[PDB]
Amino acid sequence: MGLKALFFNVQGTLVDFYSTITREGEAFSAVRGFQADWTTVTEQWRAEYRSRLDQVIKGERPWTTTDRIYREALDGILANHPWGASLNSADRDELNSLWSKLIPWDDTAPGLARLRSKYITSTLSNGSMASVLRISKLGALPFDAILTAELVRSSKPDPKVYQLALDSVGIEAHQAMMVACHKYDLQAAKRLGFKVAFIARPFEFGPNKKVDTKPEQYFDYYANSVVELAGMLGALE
């Protein structure tokens, strides 16, 4: 009846998407010999993705994998950039694959290994199963299971996604903990009876952008890294 399973958000919470897109974007453009502002490109790509995602959620657009939403959002924002028209379909697939390569924060893999020695661990994020699987494999991020909202064709904070986690691992809400750096996610899981752990990610949107990392009253745990979370949960190995 204690804590039995931890479920992890992925983007930002475990992986530094900002550094992935910007650093690999810059290499991509530098070799082709054109100037590009990958900070702006990254922010626009995310905004267009989330706008189209919101249209999928509302039913305005037909359901599709997040991989395709990113790929189509990429076509949209590239029209804002004169060099974008020079990028062929294979060039755009290459850029889009970066979202399946998001690199871990330097604390993520060792903290995940420690937590897995004491708990059942699983992802629980909104991205496609295919991309979360590859992110975990490429980052050598250990998990007992890979779950995403794709499996119920939805998105957090939809209660179905949290219930998916409880049904798949076979535990009750009070035996589960949602781990994220996004407060909407923890608020929703807390209302459904989960324990919640907040991981402060002050560089989620790059080294220079202020992010909301302040503690909240309803957090069971407040940590600055997955390693620190493991320490406070007494998780070794």
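From 1 onward, residues are counted along the sequence shown.
Trainee: Which has the higher mean CA temperature factor in the PDB entry, 38 to 46 or 178 to 186?
Mentor: Mean CA B-factor is higher for 38 to 46.
Trainee: When the C-alpha temperature factors are averaged for each of 192 to 200 and 26 to 34, which stretch ends up with the higher value in the entry?
Mentor: Higher mean C-alpha B-factor: 26 to 34.
Trainee: Report the option among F143, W105, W83, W99 whose CA atom has the maximum B-factor in the deposited record.
Mentor: Among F143, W105, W83, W99, the highest C-alpha B-factor in the entry belongs to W83.
Trainee: Considering every modelled residue of the chain and its Cα B-factor in the PDB entry, is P110 in the lowest, middle or highest third?
Mentor: Lowest third.
Trainee: For the chain shown, is the CA B-factor of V211 in the lowest, middle or highest third of its modelled residues?
Mentor: Within its chain, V211 is a middle-third residue by C-alpha B-factor, going by the deposited values.
Trainee: How does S89 rank on Cα B-factor within its chain, lowest, middle or highest third?
Mentor: Ranked within chain, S89 CA B lands in the highest tercile.
Trainee: Check where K156 lands among this chain's C-alpha B-factors and tell me if it's the lowest, middle or highest third.
Mentor: Its C-alpha B-factor, which the entry lists for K156, ranks in the middle third among residues of this chain.
Trainee: Looking at the temperature factor on the CA atom of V169, which third of the chain's modelled residues does it land in?
Mentor: Tercile = lowest for this residue's CA B-factor.
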